[PDB]
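A lone chain, given as structure tokens: the form deposited in one PDB entry.
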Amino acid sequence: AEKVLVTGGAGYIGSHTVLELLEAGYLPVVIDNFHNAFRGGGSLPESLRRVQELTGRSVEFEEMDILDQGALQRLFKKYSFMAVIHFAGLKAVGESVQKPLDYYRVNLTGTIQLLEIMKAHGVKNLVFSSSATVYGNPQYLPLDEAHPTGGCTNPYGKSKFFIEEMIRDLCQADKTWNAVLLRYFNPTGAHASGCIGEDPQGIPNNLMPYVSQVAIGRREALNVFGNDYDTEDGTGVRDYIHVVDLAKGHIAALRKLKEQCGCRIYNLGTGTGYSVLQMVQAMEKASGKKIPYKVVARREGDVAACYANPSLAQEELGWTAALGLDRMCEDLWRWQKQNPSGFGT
């Protein structure tokens, strides 16, 4: 009746969201298998221990895989969840092209297993981590919720779109379900404290963490994936949104579920697009470092540009992304500088 299950909560967006939830008086229970998150010293992952410290509130956590029915059943028997925020999954567009089965497995099969447990336990309130990739190659920009979905350019985007469809079907089959599908754009930045941030395990697939690792000196130079796109400078254009703003959108989503909203879909973006080179520039500026780069071939699955029309979320969720580029860059750099090796090494 009270707890909020947060899958993949030790990750980038999840950790920030657990923070916001706690600050807002909610009671999160987090699960993660650490596939893409650093393991803390103690029971808690590093990221979560830090959130526990920043908020002053306990973080209930369990190490587990969403693909383990057993563990999930156990978890649901142990806690009385009121809702589920589902972040757990694989998220690299380019990797998906090469390892489709891993994506279908973790993203599709893992979500199906979670929905089955939820249904079984009567916890029919969900917030799902969707993505702008479900729009496939943009037919128009900015992207609104009315733009066609499907015809994705990569297996990851298909996996997200397929999940949206399953959810719509589930909601059609049972009107008692409420589900908010959040199509995020490109989150960046970090908690203002600089204590938590984006700390991928291994080499970063995302632009910004890679860029920050270059500025801090952990990486020699950034590889720019193509410069022959139909954009102002030829490099990819994305709608960067502060991870803090994005995290806050989850609280608004929780409120929407309480209205017995049914199945709803909202973009979570700023509406302002920035190119690869513009991001590098903003980061040189924030870090005071030179961010060497070189142009390589395009990365399969990538689109030239994508940015959101965030009006719907403002109208129905009463949410808007407050923070801008400067703030994103500044927050990112603060985290990087305070944590040159991320959470640990």
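Take the two forms, find the largest set of C-alpha atoms that superpose within 1.5 Å, and that set is the rigid core. Numbers follow the displayed sequence, beginning with 1.
Same protein, other form: the form deposited in another entry, not shown, and the subject of what follows.
Handout entry: C-alpha displacement of 2 Å or more between the shown form and the other one on the rigid core, among 182, 108, 216, 114
Key = It is 216.
Handout entry: Large Cα shift (2 Å or above) at residue 146 between the shown form and the other one, core-fitted
Key = Not so; residue 146 is displaced by less than 2 Å.
Practice task
Align on the rigid core first; then say whether the Cα of residue 162 has moved by at least 2 Å between the shown form and the other one.
Solution key: Stays below the 2 Å threshold, so no.
Practice task
Determine, after fitting the two forms on their core, whether residue 57 shows a C-alpha shift of 2 Å or more between the shown form and the other one.
Solution key: Residue 57 C-alpha, core-superposed: shift of less than 2 Å.
Problem - Change in CA distance between residue 210 and residue 90 in that other deposited form, which is 3 Å or more, as closer or farther - result: Relative to the shown form, the pair is farther apart.
Practice task
Could you tell me whether residue 38 and residue 224 have their C-alpha atoms closer or farther apart in that other deposited form than in the shown form, knowing the shift is 3 angstroms or more?
Solution key: Distance between the C-alphas of residue 38 and residue 224: longer in that other deposited form, by 3 Å or more.
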